[PDB]
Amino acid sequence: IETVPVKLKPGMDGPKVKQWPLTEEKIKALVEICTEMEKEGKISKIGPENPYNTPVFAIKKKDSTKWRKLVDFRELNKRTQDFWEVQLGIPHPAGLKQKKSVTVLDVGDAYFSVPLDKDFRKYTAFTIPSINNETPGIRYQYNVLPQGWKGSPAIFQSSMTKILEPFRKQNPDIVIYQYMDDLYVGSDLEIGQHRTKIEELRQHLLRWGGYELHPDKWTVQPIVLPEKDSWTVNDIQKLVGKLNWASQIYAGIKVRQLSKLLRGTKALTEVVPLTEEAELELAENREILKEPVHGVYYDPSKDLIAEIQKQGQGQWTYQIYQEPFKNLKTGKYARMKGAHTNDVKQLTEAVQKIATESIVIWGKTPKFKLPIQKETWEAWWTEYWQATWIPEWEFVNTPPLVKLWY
């Protein structure tokens, strides 16, 4: 095969990101995976005269309890040329979110049959660490299309189409969408019939080289307003401050005849009767929150952003938008491992679930705004990561003013 010429974006250099500490069992898995990859010529040992580096770690899904190497090429991908400019990009089918069951397949191994541009290989270097620094780090670089690299689905695309054409010809009603190393494959068949045709797709692949999602239950959680029989002063300034904030999202929401039902310097526990002109304003605003916002449309030219708030008792609310206060989607994530007591595991799982929904719906992951300290996240998140991709994120400390989303 002949390799495709690949370049970084103009004026950018390759990634230079330090390896973080790894547990003993992740290091041993990496050593065995990399040693085997090197025998097969997919990677070559390199030295320190290559100045680039990308962190490496390993994950182990339990209902496939062998280790998966994960290189965090997020930096390299940001600096790699766009294949939209080269017109090699994958299109996203609008029908996948309509299916009732979507199974995720890890097809990352297909990339290892295509060589990588020799002049680009140096940018893919990574370093395996050493328990108690017994040795210097051991460095490798890729000779073939790496897993997790933006360029690999783009370069492999026409090969991927030829591999899949017989299956989607034979199944015109099943929708398959490639996102990086993954295939998202959706259908409307009965749950055991869906799984049967997944196994058929797997073995048509094995001849060349997860669990079930349901788009059908991803409820949107709207802004709700409390329902009571009697209303305190505090209940009403908690309601007014919440609607004043929603007035940036929705249209024509007023608080003028509830604003000064609080007339005067009154006690917070003093019960105020609702006027007929406040019950009028309350239910009108209550409906405006029942029906979705008009004028919000996805724009594939712009990035997606996700915000998450911790609500307690395992509940996590989230919004996905591209422009502030124009939410394409609002939601609520809840889990019950039964241990009941790990915030970081819950947030890490919430991030994978939300990112998965964006892939299914729009074909890319959002940049997350995470309600956690950077160092708390970085101490633990890899212990709970199960996806072959990693989204972009940043860390925010935003105290709740309103409890808008609950």
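The first residue of the shown sequence is 1; numbering continues from there. We call the rigid core whatever largest set of C-alpha positions still superposes within 1.5 Å between the two forms.
Here 331-339 and 262-270 are scored by the root mean square distance of their C-alpha atoms in 8 other deposited structures of this protein, with each structure fitted by the rigid core; the higher score goes to 331-339.
According to the record, the deposited sequence contains 10 or more residues between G209 and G210 that were left without coordinates. Of the two segments examined, 280-288 and 73-81, it is 280-288 that shows the higher average Cα temperature factor in the deposited entry. Once the C-alpha B-factors are averaged per stretch, 334-342 and 29-37 rank with 334-342 first. When the C-alpha B-factors of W231, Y140, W316, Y321 are read from the PDB record, the largest value belongs to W231.
Of the candidates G151, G89, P129, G241, the one whose C-alpha carries the top B factor in the deposited record is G89. In the deposited entry, the Cα temperature factor of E357 sits in the middle third of values across the chain's modelled residues. Among the modelled residues of its chain, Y123 has a C-alpha B-factor that falls in the lowest third, as given in the PDB entry. Ranked by Cα temperature factor within the chain, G264 sits in the highest third according to the deposited record. Looking at the C-alpha B-factors along this chain, the one for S101 belongs to the middle third. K45: CA B factor in the middle third of modelled residues in this chain (values from the PDB entry).
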